[PDB]
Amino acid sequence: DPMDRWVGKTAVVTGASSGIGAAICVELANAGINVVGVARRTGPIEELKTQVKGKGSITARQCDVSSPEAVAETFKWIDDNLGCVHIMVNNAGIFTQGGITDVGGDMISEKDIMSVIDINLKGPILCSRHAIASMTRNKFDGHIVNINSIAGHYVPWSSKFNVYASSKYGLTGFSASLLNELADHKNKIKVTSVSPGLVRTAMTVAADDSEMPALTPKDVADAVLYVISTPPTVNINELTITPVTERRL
């Protein structure tokens, strides 16, 4: 069974309290992995424990991935308590509807526009550096999965998207340059960008979304479990997953 090498290993999943990240934590735990689920608000993560049917576990830890200090505190706690990080899932992300500028009367705040870059692009850079330092310390070839977006690969028509696409284009380039760097030094850690179209979560992408095709969080988690299950010599660089009949925004 391809998930056997992962039973009993440790996965860190950012954005674990809601949405895609909450579904990844349950599917990993059901596969026998010990998950450390992190978010700024941990109450909902604690509650996922009642859905674990398999032999893995879910542990909640508080962390704002935009803050280098908070990320270092979480990785130090993991190292002290669980040991090696075997899987890193950079799933936390935000989206604020409105404009870069006020030409449409919907400019987002400067705090929000900076936050979208810090969480969606800086967050995965900082977490990937801590995860890989743990993996290489432990002589272990693990797997980094970055939850990207179709908007990391095309420019949305909607003018509500501000710098969200910019952050995900950032993450496309980051993901590829990280895998490039590992490969150039003959290191066997895997990196995958998983890019969803619309998913029903707590992220409001379109307020008027009730009639639009939308994936479930489990559909995305299912795709993440497939890419972790692939053999140690096989990378899935990119897996773009969208609901059928989607019309991108």
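Residues carry their position along the shown sequence, with the first being 1.
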Looking only at CA atoms, which has the higher mean B factor in the entry: 1-9 or 239-247? 1-9
Tell me which stretch, 175-183 or 107-115, has the higher mean Cα B-factor listed in the entry. 107-115
Reading the B-factor column for Cα atoms of 91, 101, 74, 136, the highest value belongs to 136
Per the PDB entry, which option out of 142, 156, 83, 123 has the greatest Cα B factor? 83
Residue 189 - Cα temperature factor, lowest/middle/highest third of chain: lowest
Using only modelled residues of the chain, where does the Cα B factor of residue 78 rank: lowest third, middle third or highest third? highest
Mind checking which third residue 201 falls in for C-alpha B-factor across the chain? middle
CA B-factor ranking of residue 216, expressed as a third of its chain: middle
